[PDB]
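See below for the structure under consideration.
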Amino acid sequence: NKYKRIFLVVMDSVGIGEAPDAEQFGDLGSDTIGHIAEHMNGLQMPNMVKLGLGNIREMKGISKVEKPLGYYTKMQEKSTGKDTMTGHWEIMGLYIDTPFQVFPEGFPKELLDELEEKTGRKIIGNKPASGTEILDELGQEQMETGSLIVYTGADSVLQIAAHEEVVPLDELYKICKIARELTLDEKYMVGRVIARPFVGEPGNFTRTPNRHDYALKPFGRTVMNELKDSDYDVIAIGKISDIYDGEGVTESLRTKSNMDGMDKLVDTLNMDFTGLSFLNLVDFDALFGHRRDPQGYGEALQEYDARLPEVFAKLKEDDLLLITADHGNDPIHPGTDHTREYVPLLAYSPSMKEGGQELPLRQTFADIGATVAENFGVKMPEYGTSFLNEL
Ligand SMILES: [Mn+2]
Ligand SMILES: [Mn+2]
Ligand SMILES: [Mn+2]
């Protein structure tokens, strides 16, 4: 192998400006990093700048450098959707024609009617909410009736809440598996069905760690599957395992924050493995993008950037670091959905003695998967063009 280890970091939702097809999605004008940089009066990301972030595009506080540490470009999404699953599945070598749906006004009556009819249970609520706002509103009615609280969120999710002493935990799981089957339907296709058991009494409800997420498997065998099948390590960090429903994963390390994610990345740098370490930094998306909070988003990007020098210090000559994103989520954009944007790509190894250069723009996120596959000599994905030889 050219590289013994590849460290792939997805800065979830960290877009670098509207894609050519942005108008289809109502995303004209979107620019995640650029709008954050303006809000911050100049982003302080000296380490990403050293890698070549500003060579991809100049933004407030983010300038080009004469000699970027590694190679740089941006990537265009080919798949139909702009959701997390679509982006990640594309990154690992697929093409996804059918988009996952988000439901800001709640779910169609048709879906919920079928769920009632298959379960013999009433459904109440139907609408976006936090799992503490909706329990305050409807938790008592749930206890007294045995009905199911259905709700959504800013992401492609269907969430089902029931009190554990009224609807047995095992029943709630069965109901969620039924819903997972009903939602394999392009009209209603949610990324995740989520069991949200709760306990307590009116005015004091709390969700339990008995939460269960029901994900769809990727629509194809990914580069991860191929690495696992050839006895390589595939270490998933953060939401990565859930995003791929475990497919091709050999070890999974849960994280609770972006900083915890960077700690786990450092943990893998200390591991003797051969294969792929794959991190998702989700806070950008979950805490800041969807909540339209550019200040919090800017601060998180600066916290992330400050962690990078330790990573640079630990990378070996036969290590490759890849930094990218899975879509945009512009915190100054209307509504609460993702934004259809290019994503940055930075590729760095300490073995790059003369530093990096610009890569041709990547026409699909699958160029990452193709590059990983070629590095490790496993079956090449159906989609994507490797840039391994360019590095
Ligand atoms: Mn939009
Ligand atoms: Mn995402
Ligand atoms: Mn999201």
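Please read every residue number as a count from 1 along the shown chain.
According to its header, the structure was obtained by X-ray crystallography, 2.0 Å.
Cβ coordinates come from backbone N, Cα and C, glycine included.
According to Swiss-Prot, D285, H290 bind Mn(2+) 2; the candidate from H212, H338 that the record adds to this site is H338.
Counting only the Cα atoms, the space from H290 (Mn(2+) 2 binding site) to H327 (Mn(2+) 1 binding site) is about 12 angstrom.
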